[PDB]
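The structure under discussion appears below in the form of structure tokens.
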Amino acid sequence: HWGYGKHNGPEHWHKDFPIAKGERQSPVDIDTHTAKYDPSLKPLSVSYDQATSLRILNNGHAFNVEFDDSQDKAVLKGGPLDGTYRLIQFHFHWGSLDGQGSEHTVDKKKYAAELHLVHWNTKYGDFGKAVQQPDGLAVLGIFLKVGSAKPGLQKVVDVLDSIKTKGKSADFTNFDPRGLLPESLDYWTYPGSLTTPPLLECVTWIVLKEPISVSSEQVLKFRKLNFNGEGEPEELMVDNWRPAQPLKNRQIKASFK
Ligand SMILES: NS(=O)(=O)c1ccc(-c2cn(-c3cccc4ccccc34)nn2)s1
Ligand code: NA
Ligand SMILES: [Zn+2]
């Protein structure tokens, strides 16, 4: 099966998932000089006041913090989007070293990590349906640099010891994802895909310009997770990012000048 190793990593994925070589793959490099300001874009609307977190799961390639998406509770709207998108989960991608780990890059700069807040378009009724549609998902991507600690991340960091290995989960109620956002909601947007198999071309990407800062100790703790299951040889969960893919016939739009 697929993963992030020499023998099953991103260069291999196309054998099982040929859309790996498709026309709207993610992530991409964001060339800031070529992205055009689009004054027709709206401010984003991030409405997380009623978000209801449930659980945190090590799924063997990241950890997902899962939300109750059975009603409109935590929704993303505006920006480039038509309609209402419901938060289902967030996760991260990160490196073995502070100088790598993001999936998107900015003028070829790699950040230490990247947060993905995953939302599905309510007009399609459920996530499973939405992922089959070109406008099914909206993923809010936020870069992480290493510097000062992010206080709102610490509850995440503290639970990781209890989900060390693939298949483990833990209660994760009453977590407020507002505490992971930067000050500014300035963003880039473009049409793309899931960054993990099955690589479905269903995502409107919204990538915030302002990174959040986390401490070296917070990211060190991410790197103590395991890709393996319990009782199996230990494989540290690091460098779980896909590299930048060809832009092809796409424009990246800026919400700001
Ligand atoms: N990294 S990402 O934000 O692009 C992302 C957000 C959501 C993803 C995802 C992958 N999924 C799947 C996993 C395994 C099998 C699946 C089969 C069909 C559809 C999605 C599948 N479901 N959501 S990947
Ligand atoms: Na419900
Ligand atoms: Zn992701």
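Following the order of the structure tokens, first chain is A, next is B, and so on, with residues numbered from 1 inside each chain and ligands from 1 in the order they appear.
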
In stretch 18-246 of chain A, DSSP strand (DSSP E or B) residues written as a VMD selection string
chain A and resid 29 to 30 36 to 37 44 to 47 53 to 58 63 to 67 75 to 78 85 to 94 105 to 106 109 113 to 121 137 to 146 169 to 171 187 to 192 203 to 208 212 to 214 226 236

Dump the neighbourhood of ligand 3 as a VMD selection string: all residues within 12 Å, distances computed on only C-alpha atoms and all ligand atoms.
chain A and resid 26 to 27 61 to 65 89 to 94 101 to 104 113 to 119 138 to 143 193 to 197 199 203 205 207 240 to 243

Could the residues in this selection be written to a file with N, CA and C atoms, as a tab-separated table (two decimals), in the first residue's frame?
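The resulting file, selection.tsv, is shown below:
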chain	number	residue	atom	x	y	z
A	26	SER	N	-2.72	18.66	-6.70
A	26	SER	CA	-2.19	19.44	-5.59
A	26	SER	C	-1.16	18.65	-4.82
A	27	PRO	N	-0.25	19.34	-4.06
A	27	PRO	CA	-0.11	20.77	-3.94
A	27	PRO	C	0.59	21.36	-5.16
A	61	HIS	N	-1.05	7.76	8.29
A	61	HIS	CA	-0.24	8.76	7.57
A	61	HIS	C	-0.32	10.17	8.09
A	62	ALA	N	-1.23	10.48	9.00
A	62	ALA	CA	-1.31	11.70	9.74
A	62	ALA	C	-2.19	11.43	10.94
A	63	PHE	N	-2.51	12.48	11.67
A	63	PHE	CA	-3.61	12.41	12.65
A	63	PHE	C	-4.69	13.37	12.21
A	64	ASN	N	-5.93	12.86	12.30
A	64	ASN	CA	-7.09	13.69	12.02
A	64	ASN	C	-7.90	14.04	13.27
A	65	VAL	N	-8.14	15.33	13.48
A	65	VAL	CA	-9.10	15.79	14.47
A	65	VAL	C	-10.45	15.91	13.73
A	89	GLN	N	-12.86	17.57	9.28
A	89	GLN	CA	-11.65	17.20	9.99
A	89	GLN	C	-10.57	18.20	9.62
A	90	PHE	N	-9.56	18.25	10.51
A	90	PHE	CA	-8.30	18.84	10.17
A	90	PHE	C	-7.16	17.87	10.49
A	91	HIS	N	-6.06	18.12	9.76
A	91	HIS	CA	-4.81	17.34	9.92
A	91	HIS	C	-3.67	18.24	9.46
A	92	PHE	N	-2.48	17.66	9.66
A	92	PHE	CA	-1.24	18.35	9.28
A	92	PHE	C	-0.43	17.41	8.37
A	93	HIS	N	0.53	18.08	7.68
A	93	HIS	CA	1.69	17.44	7.01
A	93	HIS	C	2.95	18.15	7.58
A	94	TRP	N	3.99	17.37	7.83
A	94	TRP	CA	5.21	17.95	8.45
A	94	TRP	C	6.43	17.16	8.04
A	101	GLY	N	8.36	20.21	5.07
A	101	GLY	CA	7.20	19.62	5.65
A	101	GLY	C	5.94	20.14	5.05
A	102	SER	N	5.91	21.37	4.54
A	102	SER	CA	4.68	21.81	3.85
A	102	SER	C	4.54	21.17	2.52
A	103	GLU	N	3.28	21.15	2.06
A	103	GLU	CA	2.93	20.61	0.71
A	103	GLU	C	2.93	21.72	-0.29
A	104	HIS	N	2.13	22.73	-0.11
A	104	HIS	CA	2.29	23.97	-0.86
A	104	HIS	C	3.64	24.61	-0.48
A	113	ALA	N	5.59	22.83	8.36
A	113	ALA	CA	4.37	22.02	8.37
A	113	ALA	C	3.30	22.87	7.71
A	114	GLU	N	2.18	22.13	7.47
A	114	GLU	CA	0.95	22.73	6.87
A	114	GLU	C	-0.28	22.05	7.45
A	115	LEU	N	-1.18	22.91	7.92
A	115	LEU	CA	-2.51	22.54	8.42
A	115	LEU	C	-3.54	22.63	7.33
A	116	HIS	N	-4.34	21.51	7.23
A	116	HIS	CA	-5.45	21.43	6.32
A	116	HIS	C	-6.78	21.26	7.08
A	117	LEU	N	-7.62	22.29	6.96
A	117	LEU	CA	-8.97	22.28	7.52
A	117	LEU	C	-9.92	21.94	6.32
A	118	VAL	N	-10.46	20.73	6.46
A	118	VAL	CA	-11.21	20.07	5.32
A	118	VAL	C	-12.77	20.29	5.48
A	119	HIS	N	-13.34	20.86	4.43
A	119	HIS	CA	-14.80	21.18	4.46
A	119	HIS	C	-15.41	20.57	3.19
A	138	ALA	N	-13.65	22.22	0.08
A	138	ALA	CA	-12.82	23.41	0.24
A	138	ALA	C	-11.92	23.12	1.42
A	139	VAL	N	-10.61	23.20	1.10
A	139	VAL	CA	-9.54	22.99	2.09
A	139	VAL	C	-8.82	24.31	2.32
A	140	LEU	N	-8.89	24.70	3.59
A	140	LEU	CA	-8.17	25.88	4.10
A	140	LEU	C	-6.78	25.39	4.57
A	141	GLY	N	-5.77	25.86	3.89
A	141	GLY	CA	-4.36	25.51	4.17
A	141	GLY	C	-3.65	26.67	4.89
A	142	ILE	N	-2.94	26.30	5.96
A	142	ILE	CA	-2.25	27.31	6.81
A	142	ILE	C	-0.86	26.72	7.03
A	143	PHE	N	0.13	27.57	6.77
A	143	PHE	CA	1.56	27.22	6.94
A	143	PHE	C	1.94	27.35	8.40
A	193	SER	N	-6.74	19.24	-5.93
A	193	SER	CA	-7.06	17.90	-5.59
A	193	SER	C	-6.80	17.54	-4.16
A	194	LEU	N	-7.22	16.38	-3.69
A	194	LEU	CA	-6.69	15.79	-2.48
A	194	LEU	C	-5.19	15.59	-2.73
A	195	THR	N	-4.41	15.70	-1.68
A	195	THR	CA	-2.92	15.47	-1.76
A	195	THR	C	-2.51	14.11	-1.33
A	196	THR	N	-3.47	13.23	-0.97
A	196	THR	CA	-3.19	11.85	-0.68
A	196	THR	C	-4.11	11.00	-1.55
A	197	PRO	N	-3.70	9.77	-1.87
A	197	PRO	CA	-4.62	8.86	-2.55
A	197	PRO	C	-5.98	8.82	-1.88
A	199	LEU	N	-6.47	11.08	-4.46
A	199	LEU	CA	-5.99	12.17	-5.27
A	199	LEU	C	-7.11	12.82	-6.12
A	203	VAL	N	-11.20	19.63	-5.05
A	203	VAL	CA	-10.88	20.67	-3.98
A	203	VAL	C	-10.75	22.05	-4.55
A	205	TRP	N	-8.82	24.96	-3.29
A	205	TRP	CA	-7.81	25.29	-2.33
A	205	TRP	C	-7.83	26.79	-1.96
A	207	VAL	N	-5.41	28.97	0.48
A	207	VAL	CA	-4.13	28.95	1.21
A	207	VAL	C	-3.86	30.34	1.81
A	240	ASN	N	5.56	13.39	5.70
A	240	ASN	CA	4.25	12.92	5.19
A	240	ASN	C	3.65	13.99	4.31
A	241	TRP	N	4.41	14.59	3.41
A	241	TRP	CA	4.02	15.58	2.47
A	241	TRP	C	4.24	15.10	1.03
A	242	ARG	N	3.41	15.53	0.11
A	242	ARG	CA	3.52	15.35	-1.31
A	242	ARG	C	4.25	16.60	-1.83
A	243	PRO	N	5.24	16.43	-2.73
A	243	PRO	CA	5.81	17.64	-3.35
A	243	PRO	C	4.93	18.38	-4.30

Pick from A:224, A:155, A:123, A:6 nearest to residue A:135, counting only C-alpha atoms
A:123

Step by step, measure atom-to-atom distances between ligand 2 and each residue using only C-alpha atoms and all ligand atoms, keep those at most 10 Å, then write them as a PDB file with N, CA, C and O atoms, in the first residue's frame.
ATOM      1  N   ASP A  68     -18.171  16.828  14.388  1.00  0.00           N
ATOM      2  CA  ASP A  68     -19.557  16.461  14.092  1.00  0.00           C
ATOM      3  C   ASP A  68     -19.987  17.303  12.887  1.00  0.00           C
ATOM      4  O   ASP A  68     -20.151  18.536  13.032  1.00  0.00           O
ATOM      5  N   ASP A  69     -20.149  16.679  11.715  1.00  0.00           N
ATOM      6  CA  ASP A  69     -20.561  17.346  10.478  1.00  0.00           C
ATOM      7  C   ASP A  69     -21.986  16.944  10.072  1.00  0.00           C
ATOM      8  O   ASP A  69     -22.281  16.960   8.881  1.00  0.00           O
ATOM      9  N   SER A  70     -22.764  16.481  11.060  1.00  0.00           N
ATOM     10  CA  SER A  70     -24.158  16.021  10.830  1.00  0.00           C
ATOM     11  C   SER A  70     -25.134  17.214  10.905  1.00  0.00           C
ATOM     12  O   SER A  70     -26.355  17.031  10.653  1.00  0.00           O
ATOM     13  N   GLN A  71     -24.702  18.420  11.185  1.00  0.00           N
ATOM     14  CA  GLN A  71     -25.466  19.655  11.038  1.00  0.00           C
ATOM     15  C   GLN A  71     -24.543  20.784  10.696  1.00  0.00           C
ATOM     16  O   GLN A  71     -23.413  20.609  10.947  1.00  0.00           O
ATOM     17  N   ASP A  72     -25.044  21.961  10.311  1.00  0.00           N
ATOM     18  CA  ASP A  72     -24.206  23.105  10.026  1.00  0.00           C
ATOM     19  C   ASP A  72     -23.853  23.778  11.355  1.00  0.00           C
ATOM     20  O   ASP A  72     -24.677  24.492  12.015  1.00  0.00           O
ATOM     21  N   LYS A  73     -22.662  23.473  11.736  1.00  0.00           N
ATOM     22  CA  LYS A  73     -22.000  23.914  12.981  1.00  0.00           C
ATOM     23  C   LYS A  73     -20.753  24.748  12.891  1.00  0.00           C
ATOM     24  O   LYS A  73     -20.470  25.529  13.724  1.00  0.00           O
TER      25      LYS A  73
END

Using only C-alpha atoms, which of A:153, A:56, A:236, A:206 sits nearest residue A:255?
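Using only C-alpha atoms, residue A:255 sits closest to A:206.
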
Excluding residue A:14 and residues on its chain fewer than 4 positions from it, collect all residues at most 10 Å away from it, counting only C-alpha atoms, and give them as a list in words.
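After dropping sequence-adjacent residues, the list is residues 10, 18, 19, 20, 21, 22, 197, 198 and 199 of chain A.
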
Do you know which residues are at most 8 Å from residue A:174 counting only C-alpha atoms, after dropping those on the same chain fewer than 2 positions away, and could you put them as a PDB file with N, CA, C and O atoms, in the first residue's frame?
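Okay, this is what ended up in out24.pdb:
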ATOM      1  N   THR A  52     -17.921  21.460  16.869  1.00  0.00           N
ATOM      2  CA  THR A  52     -18.037  20.348  17.773  1.00  0.00           C
ATOM      3  C   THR A  52     -17.007  19.245  17.429  1.00  0.00           C
ATOM      4  O   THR A  52     -17.260  18.416  16.587  1.00  0.00           O
ATOM      5  N   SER A  53     -15.832  19.302  18.053  1.00  0.00           N
ATOM      6  CA  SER A  53     -14.821  18.258  17.848  1.00  0.00           C
ATOM      7  C   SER A  53     -15.244  16.994  18.552  1.00  0.00           C
ATOM      8  O   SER A  53     -15.938  17.069  19.562  1.00  0.00           O
ATOM      9  N   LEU A  54     -14.819  15.837  18.084  1.00  0.00           N
ATOM     10  CA  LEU A  54     -15.185  14.568  18.671  1.00  0.00           C
ATOM     11  C   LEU A  54     -14.036  13.694  19.099  1.00  0.00           C
ATOM     12  O   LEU A  54     -14.047  13.110  20.116  1.00  0.00           O
ATOM     13  N   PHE A 172     -11.632  13.627  21.833  1.00  0.00           N
ATOM     14  CA  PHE A 172     -11.083  14.945  21.596  1.00  0.00           C
ATOM     15  C   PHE A 172     -12.178  15.953  21.479  1.00  0.00           C
ATOM     16  O   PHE A 172     -12.255  16.685  20.508  1.00  0.00           O
ATOM     17  N   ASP A 176     -11.320  24.001  20.172  1.00  0.00           N
ATOM     18  CA  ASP A 176     -11.736  25.200  19.410  1.00  0.00           C
ATOM     19  C   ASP A 176     -10.758  25.482  18.278  1.00  0.00           C
ATOM     20  O   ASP A 176      -9.638  25.928  18.552  1.00  0.00           O
TER      21      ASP A 176
END

If I take atom CA of residue A:106 and atom CA of residue A:37, how far is one from the other in Å, to one decimal?
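Going from atom CA of residue A:106 over to atom CA of residue A:37, I get 15.8 Å.
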
Among listed residues A:99, A:211, A:191, A:229, nearest ligand 1 (using only C-alpha atoms and all ligand atoms)
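Of A:99, A:211, A:191, A:229, the one nearest ligand 1 is A:191, counting only C-alpha atoms and all ligand atoms.
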
For residue A:131, the closest of A:79, A:212, A:204, A:144 counting only C-alpha atoms is A:204

From A:35, A:157, A:202, A:111, residue lying nearest residue A:134 [only C-alpha atoms]:
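Smallest separation from residue A:134 among the options: A:202.
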
Among listed residues A:48, A:227, A:120, A:175, nearest ligand 1 (using only C-alpha atoms and all ligand atoms)
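Between A:48, A:227, A:120, A:175, the residue approaching ligand 1 most closely is A:120.
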
Could you please determine the separation between atom CA of residue A:121 and atom CA of residue A:167 in Å, to one decimal place?
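Taking atom CA of residue A:121 as the start and atom CA of residue A:167 as the end point, the length is 27.6 Å.
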
Find the distance between atom CA of residue A:165 and atom CA of residue A:58 and write it in Å to one decimal.
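Distance reported for this atom pair: 6.4 Å.
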